[PDB]
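Read the single chain below, which is given as structure tokens and is the form deposited in one PDB entry.
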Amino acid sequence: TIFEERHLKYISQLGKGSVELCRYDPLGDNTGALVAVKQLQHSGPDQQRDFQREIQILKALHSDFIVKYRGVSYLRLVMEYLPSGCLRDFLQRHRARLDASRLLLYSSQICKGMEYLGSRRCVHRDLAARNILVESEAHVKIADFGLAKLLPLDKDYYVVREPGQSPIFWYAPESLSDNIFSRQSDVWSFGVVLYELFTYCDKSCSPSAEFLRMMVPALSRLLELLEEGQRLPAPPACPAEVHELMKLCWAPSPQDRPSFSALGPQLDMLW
């Protein structure tokens, strides 16, 4: 649970702070285990405080569908390494091999991870295929908890001061208009993840490419589009039942969206 800095050997960059692939090699002979290590590159007590908040959240999550916390190095967050990487690239790389049943299995696993996060009063805020990791051909896990927040016991939503820095195409209308985040805005984002799964993350029909094609500031143009009732089109060859669940996740009002507890059994039935 406590990793000595001197024994964490740098291998390569895994992506964005930053996540590096390291070998925890106390024997110094290149035989030690591989770990994914996150660290900040910018000071400031706020980014440092935000980082400490993320570590406390992840350490307290225990689920087969959430990336495993391993420990800290005093500074660095150590997690399990998943060499298959993000679901977005995996889907692009394996499109000709994964069928609808497999996509439904991933959808069900993400939904179960989200149901659990909601039970912990945790709002993820950045659910997207690029933030989901692949453990194996038949198992995915939610990762990237850097924007996650815990809801106080007496309030089921949070208001952020500054608008998001993430690509705008995953945000719920209330997040775009009023910077409001909740477990219900995570359901909206999950509807975008179902879309990503069913397009195999094809860049030509991606949430950014398609919304920009359908689309004055861009944020305001997208908010206008959504408020009119316009939505992303059903992915090519998408099962009708799956497209109907996406539309429910995209209900204009947060209270009308199904909960992850309601979504789970429906995804399992389709699978």
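Counting begins at 1, following the sequence as shown. Between two forms, the rigid core is defined as the largest C-alpha subset superposing within 1.5 Å.
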> For residue 95, do at least a third of the other compared PDB entries give no atomic coordinates?
Replying inline: no
>> Over the set of other compared entries for this protein, does residue 162 lack coordinates in at least a third of them?
In response: yes
> Looking at the deposited sequence, how many residues between residue 74 and residue 75 were given no coordinates in the entry: none, 1 to 3, 4 to 9, or 10 or more?
Replying inline: 4 to 9
>> Between residue 215 and residue 216, how many residues of the deposited sequence have no coordinates in this entry: none, 1 to 3, 4 to 9, or 10 or more?
In response: 4 to 9
> Out of 31-39 and 45-53, which one has CA B-factors that are higher on average in the deposited record?
Replying inline: 45-53
> Mean C-alpha B-factor higher for 164-172, or for 118-126?
Replying inline: 164-172
> Which third of the chain does residue 203 land in by C-alpha B-factor: lowest, middle or highest?
Replying inline: middle
>> Sorting by Cα B-factor within the chain, modelled residues only, which third would residue 78 end up in: lowest, middle or highest?
In response: lowest
> Of the three thirds of its chain by CA temperature factor, lowest, middle or highest, which one includes residue 221?
Replying inline: highest
>> Considering every modelled residue of the chain and its Cα B-factor in the PDB entry, is residue 144 in the lowest, middle or highest third?
In response: lowest
>> What third of the chain does residue 88 rank in for C-alpha temperature factor, lowest, middle or highest?
In response: lowest
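This next part talks about the form deposited in another entry, which is not shown.
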> After superposing on the rigid core, which residue among 208, 43, 56, 204 shows a C-alpha displacement of 2 Å or more between this form and the one not shown?
Replying inline: 43
>> Superposed on the rigid core, does the Cα of residue 237 end up 2 angstroms or more away between this form and the one not shown?
In response: no
>> My question is whether residue 228 is one of the residues whose C-alpha shifts by 2 Å or more between this form and the one not shown, given a fit on the rigid core.
In response: no
